[PDB]
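Reading the structure
One letter stands for each residue in the lines below.
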Amino acid sequence: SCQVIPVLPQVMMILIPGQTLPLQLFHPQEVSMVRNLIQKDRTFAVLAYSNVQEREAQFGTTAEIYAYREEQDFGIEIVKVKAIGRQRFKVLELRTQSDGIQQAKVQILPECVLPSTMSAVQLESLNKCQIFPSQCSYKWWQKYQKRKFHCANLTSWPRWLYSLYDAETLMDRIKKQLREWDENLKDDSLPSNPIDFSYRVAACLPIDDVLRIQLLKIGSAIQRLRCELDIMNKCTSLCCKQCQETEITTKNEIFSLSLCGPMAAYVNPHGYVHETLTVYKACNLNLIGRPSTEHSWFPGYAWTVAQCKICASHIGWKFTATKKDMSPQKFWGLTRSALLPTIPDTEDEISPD
Amino acid sequence: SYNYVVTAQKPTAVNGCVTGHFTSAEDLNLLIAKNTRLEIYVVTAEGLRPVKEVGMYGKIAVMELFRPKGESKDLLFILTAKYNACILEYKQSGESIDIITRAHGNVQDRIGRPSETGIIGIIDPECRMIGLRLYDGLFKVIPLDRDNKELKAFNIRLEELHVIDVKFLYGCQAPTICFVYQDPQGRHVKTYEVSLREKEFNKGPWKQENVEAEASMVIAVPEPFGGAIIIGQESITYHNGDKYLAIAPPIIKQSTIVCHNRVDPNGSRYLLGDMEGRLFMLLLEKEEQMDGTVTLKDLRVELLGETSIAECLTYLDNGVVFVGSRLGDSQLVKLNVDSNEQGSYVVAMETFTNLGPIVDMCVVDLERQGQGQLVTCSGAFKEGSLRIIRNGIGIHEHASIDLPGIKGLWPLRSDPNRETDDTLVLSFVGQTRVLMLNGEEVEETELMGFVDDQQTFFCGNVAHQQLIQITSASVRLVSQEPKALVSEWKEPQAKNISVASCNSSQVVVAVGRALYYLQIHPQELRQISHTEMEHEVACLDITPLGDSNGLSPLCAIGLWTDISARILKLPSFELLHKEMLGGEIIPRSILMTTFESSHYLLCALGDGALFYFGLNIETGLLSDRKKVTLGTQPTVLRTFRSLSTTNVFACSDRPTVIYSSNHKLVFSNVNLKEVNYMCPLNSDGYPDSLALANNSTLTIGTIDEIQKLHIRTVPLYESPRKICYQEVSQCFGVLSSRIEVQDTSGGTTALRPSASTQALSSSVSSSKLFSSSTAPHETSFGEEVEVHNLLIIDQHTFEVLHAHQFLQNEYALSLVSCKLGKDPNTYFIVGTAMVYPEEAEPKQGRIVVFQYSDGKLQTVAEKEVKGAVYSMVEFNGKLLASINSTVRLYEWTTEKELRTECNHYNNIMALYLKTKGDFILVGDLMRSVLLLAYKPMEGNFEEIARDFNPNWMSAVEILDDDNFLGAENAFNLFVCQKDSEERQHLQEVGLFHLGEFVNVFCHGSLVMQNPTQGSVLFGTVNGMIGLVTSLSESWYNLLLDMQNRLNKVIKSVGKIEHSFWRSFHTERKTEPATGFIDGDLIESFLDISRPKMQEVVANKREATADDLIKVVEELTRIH
Amino acid sequence: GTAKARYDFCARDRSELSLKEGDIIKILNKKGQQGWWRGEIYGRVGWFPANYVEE
Ligand SMILES: [Zn+2]
């Protein structure tokens, strides 16, 4: 399908389906545009810019406005809007209108889905033995793999090879990494559908713009889950985006103080989006000024500006508790917009599937 | 592109078997579903009589028999993978058999997610409805009535989504369905009533009940017991509302039960099969309650014995059980009252060959005979095997007497008391030599009353204990016991005999145009008929058939001018059917013969053409004209039985045995360069042998099994994985993996002895390249440990010479045999991977170079790699390998070591590796085709093109530097062309629904080769061997028209059009078939009747029917 | 729009404008609480309070 869907000018985020896009509009031209999108029940576009300086984009996501909050204050009618990505797309044309707003000619990319790798081998063999409920975890996984991938020996590959491409096994492998960071159950918080699960992981992973662009370019949910695991296992280090050799934090230090994932979308009083990742420790960061509690995203904890040790670029903030009864006593809220996941040693970015 | 694809060996794996009365109400039948084929048999005391075999245009997903109201015999319901429902009726009108379609229709939904437990189709006992479960939460019902021809069915919204198994419950007021389903709480059994009027699920007979966490089988128990049986891993329960009987026997915990079948109609006994290949008896004991109805006393399980790993079982009769296997050979077993010493009531009777799963294969000219052979890694677990497949029928030559210029052969018996043959009379130019057979001795002797200065046309044993000899001078009769000439018929004008033929009781000779019918009686040969013909005689035959078994009432003949085959009555010479033949070539030979039941008239010509027509023994008229060329020199037709069936040997440039299978004539070649004349022989020294004769040598030898393709099986009793050949050492390298249980003593013990344990020489991969502290070995007792291995199996005897075992947790994934660098030694290189259960991704692996010398596999090099080695190939004297997502090229140094020459890191796993010259086609399990190239001046790889479409992929091959064949999701084949401007992407130029899962592609052919470009064989999971050969566009354009024209005339089973069946299908994408020609459809042009060919061939180049016969016949020679 | 800077204000994130007294900032937007206004000094774009800068 094809649709000429409008584009907001102030948006600089790379939106993933399912991910929320917070907004705070001061200009009345884009406020009126937002309100028209409510009545006509149309979706706007979020262009994933490769070169954001000269506004160049090849892919994106159709965001639908799901929340609007007009706050008529003494100064100006300030609005707060939350939107949600729905369908991925390819950019065909950028029709810049006389009002300074562009109407992108969009081609909706199809959500590619694939059946179980064992079902493509045979039709009726091992059908009765396939899905099982719920003794220990090791004994359940050893027999689950041997009973589900019993057809694998009929092909030119082993049982363990197909486990690297099974959606259920890939989802569980990710869940084991996520549970180390967050102490939340999958039961209702994380979805069971591989498509929704892959996009949920993509949104909460601390990754740079180019990784999100290549992750959005992926069509199959199976490939997306595999690429996400490659980032988690290979990129066990987050560095400064400006100087690309300044180690700030590692994978083993990621945790969730807020019970809403490790990296949530927060906004400052000036209408700017900060995807803050919570980590216990964060080396090579200079603290600027005194510890403040004004508009504190983590109440009780005091924030202090944390800039890079070499290039002094804004990376995040140090959060320390005021009361001794709090647990933990200290953590760092690092913004995604300034972190580069670096593979340690001396190898550059690579990721099978 | 333009590629042609034909089936070299039909699928052998069995995926469904039923018993009923499909052919006749009295005949007990056995129906077998060999994927895209249906076999029909009759249960007899000997075994199974084959009746019909038909080609279904779809993978048979469900197969069931049923007989509704107003039906004399069972009707067969079949549903295919593309959801094509059909009700087929068997109708035999005389000696002709036909499968007609009573009702047909496609039951595919507009939008539907296929269920995890495949397609489940079941029929109601009273034949009131068909309950299908194609998609999750949707149960479709077809109304079974004598009116629904198009099969319009209704879909019902089922709240239960994850249904494991479902069967229509026997003994009910309304059509009830019993099923076991899974939900987040647990596995439970539920029942519903299916109303056709309302189209909804009303409450069933009994409440929902809980079942075992590993319960996955439902059995519809028939009257008088009723209810259902639920089989699980440890427990077996019974459900009849009030009663809930359950047993947990220890004899069933060793393996998961996977199949079942009923023995008694009432349901007192049931046969169950498991994954380890065991056979069990489930006995429903019956208590005698005095109120007429009976109650279940207790369930009893007993182990009968060991059988092949059965996908489906079926009880035939008198303890005879058919075992339909997917992994191993399907077999026919007998259950005895008394068990053998080992304690097994199961005794095998017959074994049916199954080549699948063909996990790997290679083409090797083993006997250097010019014709290639195919050795395949077949089977899995105890069913592990290696099969050697070759085209043609072999001839095991024993004698070789040099006698050039033999013009006829005949077996004789000088002594009457002996049943065996002791004389072999040979004819020569103007002379006749006689040979004696005292065991293996052959001496030139003289038989009394047999003239030797005349050329003989026929001689042999005849009625009243006498001997006959038809010579150019006259017909002679010799009394067998006193050895003397007793009667001699001579031509009145002393003319020579031109053509003659004689049988057990009659003698028919001809002199130019004259003909004389004579009869064999004690010491006399009396002339009865005297008839003149239109033109001179070309050939004659008087072979009697099963009309009366004595004297033949009909006679066959041919003419010189106005060539035609004619039939004559013996006491008169009435012209019954004068089939006129075309061409300026006379018929050299003619023969009347029986095949299974139907009689045929075979007529051969000087140009090598052969005509065959059905002939009725009473009327004497011909039917179904079918012409086929075998050789280019005149053909000689003689009969021989060999293994309890009449067969015809056609001596010509391409000698061939004309035999019958599936009530149609088959023409399989014999592996001999040329045979001029031959006859069957049965001497003491040469028992049940054949006497062949060519331009220079008389040869006596035993023929092979009369069938297309000769297959030799080598049992290993363990899973083979890869195979390669090493010509220098005259043996094969085969990766294998036996399964040893974890011992309580801290070791390993195999469940049965196999190729890797029982070897001449054995060695362990003693190496420390991997440290002990890597992953803690935490496997409890009874865990399935896969012990990988490399076998050095011989190429002549196929004996396991060596079995090198790898390290603990080591998995061998690739194997090649080649000379690397400037080293003259040929090595066996194996790529491995360290698989620890706790680790998900393989972070360790190695590459081992081996040298088989002094009967022991020595280790030359050992290169450790940080990843799994999935594939390796020889590349211009440098070893190319795949470590996780890295394509590395190694150089073999002068100090025998592998140094890293260059690396190419890709963003896709490297599973497939194929090369042609300096081109490298890499692939992934998710269809990521990537073409790389090694520039020698640069010294590293460079990407040329790629096409990353998300789809499952099983195999890949390079046809040429531009075309790249591959197998993809939902049993399809595709081709990728290179437009060498836009060059960095591969153009997909081929789409074809094969219907088989290809595990391996291999370049080569199984033809002698003393029309089409290239030759690629392929091995599938269902044991089907196919062939892909590329063809010109002009030839594709011609054959593409034939595909559309043949579909209009060929009566498809279930009325499924060829276009839809062979069209691409991956659920989301369903495009038509392009860049491919279904060779099996083209080959069926010869099977259709003669008037149908004129309709097909309707419209410089002129269409002519005969012209297209030669083109289709040329395409059959490639396989 | 001239608008001179009068007091030094250090930016706390990538959205705020790092300021040093003396320079003129081209006012792009002039609406917000506590006089927080958007501005650009040719290159860098960001917000700043009114009690620090003067028109
Ligand atoms: Zn920095």
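Scoring rules and cut-offs
Residues numbered from 1 in each chain as written, not as in the entry; some residues may be left out. Chains lettered and ligands numbered in written order. Heavy atoms only, no water. UniProt positions renumbered as here; feature names shortened; annotations may be inferred. Contact = heavy atoms within 4.5 Å. Buried area = accessible area lost by both parts, 1.4 Å probe. Salt bridge = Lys/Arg side-chain N within 4 Å of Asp/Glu carboxyl O. Polar contact = N/O pair within 3.5 Å; in protein donor to acceptor, adjacent residues only side chain to side chain. Core = buried A, V, L, I, M, F, W, Y, C linked by side-chain atoms within 4.5 Å. Buried < 20%, exposed > 50% of the residue type's maximum accessible area, 1.4 Å probe, protein only. Helix = DSSP H or I, 4+ residues; strand = E, 2+ residues; numbered from the N terminus. Domains from an automatic or database assignment. Nonpolar A, V, L, I, M, F, W, Y, C, P; charged D, E, K, R; others polar. Pairing = 2+ DSSP bridges. Axes fitted to C-alpha atoms, helices over the stretch in contact; angles between N-to-C directions. Patch = residues over 30% accessible without salt bridge, like charges linked within 9 Å, V, L, I, M, F, W, Y side chains within 5 Å. Areas by Shrake-Rupley, 256 points an atom, 1.4 Å probe, with all protein chains shown as cover. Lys, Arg positive; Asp, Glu negative; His and termini not counted. Charge placed at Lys NZ, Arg CZ, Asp CG, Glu CD.

Regarding how it was determined, this PDB entry cites X-ray crystallography in its header, along with a resolution of 3.40 Å.

The record deposited in the PDB is entitled "Crystal structure of CRBN-DDB1 and MRT-23227 in complex with VAV1". Here is the UniProt Pathway comment for chain B, exactly as written: "Protein modification; protein ubiquitination." In its Sequence similarities section, UniProt records this for chain B: "Belongs to the DDB1 family."

As recorded in the PDB entry, chain A goes by Protein cereblon and comes from Homo sapiens. Taken directly from UniProt, the Pathway text for chain A runs: "Protein modification; protein ubiquitination." Chain A has a UniProt comment under Sequence similarities that states "Belongs to the CRBN family."

Contact residues are listed per partner, giving 13 residues for chain C and 16 residues for chain A. Of the roughly 1300 Å² buried between chain C and chain A, counting both surfaces, carbon and sulfur atoms make up 57%. The tally of links between chain C and chain A comes to zero salt bridges. Inspection of the region where chain C meets chain A yields eight residue pairs in polar contact.

This part covers the nonpolar core. Grouped together as the largest cluster of nonpolar side chains are 91 residues, with contacts concentrated most on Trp 160, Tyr 165, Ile 315 and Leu 334 of chain A together with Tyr 870, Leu 911 and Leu 925 of chain B. Ranked by the residues each element gives to this core, the list is headed by helix α7 (residues 221-234) of chain A, at seven residues. With near-sequence residues (within four places) excluded, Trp 160 of chain A lies in contact with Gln 145 of chain A together with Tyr 811, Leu 813, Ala 833, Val 835, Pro 842, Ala 868 and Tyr 870 of chain B. Counting 60 residues, the second-largest nonpolar core is a separate cluster that includes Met 63, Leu 1006, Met 1093 and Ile 1118 of chain B.

Bringing the domain arrangement of chain B into the picture now. Residues and elements named next belong to chain B. As assigned here, chain B comprises domain 1 (1-13 + 355-391 + 709-1030), domain 2 (14-354), domain 3 (392-708) and domain 4 (1031-1119). On a C-alpha basis, the centroid separation for the pair domain 2 and domain 4 is 37 Å. Tallying the contact residues gives 17 residues for domain 2 and 14 residues for domain 4. When the area that domain 2 buries against domain 4 is broken down by residue, the three leading residues are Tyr 57, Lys 82 and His 104, summing to 51%. Taken together, domain 2 and domain 4 are joined by zero salt bridges. Where domain 2 meets domain 4, there are five residue pairs in polar contact. Considering every element that reaches the side of domain 2 that touches domain 4, the biggest residue donor is strand β9 (residues 96-106), with four residues.

All names here are of chain A. In terms of domains, chain A is made up of domain 1 (2-108), domain 2 (158-234) and domain 3 (247-341). Using only C-alpha atoms to locate each centre, domain 1 and domain 3 end up separated by 28 Å. Of the residues lining the interface, five residues belong to domain 1; the matching set on domain 3 comes to eight residues. For the pairing of domain 1 and domain 3, the buried interface totals around 520 Å² over both sides, and the portion due to carbon and sulfur atoms is 62%. Among the residues domain 1 hides against domain 3, the three largest losses belong to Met 13, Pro 22 and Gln 24. Together they make up 68% of the total. Where domain 1 packs against domain 3, one counts zero salt bridges. Counting the contacts that link domain 1 with domain 3 gives two residue pairs in polar contact. The residue makeup of the side of domain 1 that touches domain 3, split by class, is three nonpolar, two polar and no charged.

Bringing the sheet that holds strand β13 (residues 154-157) of chain B into the picture now. Residue and element names in this part refer to chain B. Across the sheet, which stays open at both edges, the four strands sit in the order β10-β11-β12-β13 with antiparallel pairing between neighbours. Two strands close off the open sheet at either side, each with one partner strand: β10 (120-123) and β13. Neighbour-to-neighbour, the strand axes of this sheet turn through a mean angle of 25°, independent of strand direction. Direction of pairing for strand β11 (residues 129-135) relative to strand β12 (residues 138-143): antiparallel, over a ladder of five bridges. Among the inter-strand pairings, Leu 132 is bridged to a residue of β12, identified as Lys 140.

Here we come to a negative patch on the surface. Residues and elements named next belong to chain A. A surface patch of like charges, here negative, comprises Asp 345, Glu 347, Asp 348 and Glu 349. By the element assignment, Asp 348 lies in the segment after β15 (339-341). With relative accessibility at 57%, the residue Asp 348 sits in the exposed group.

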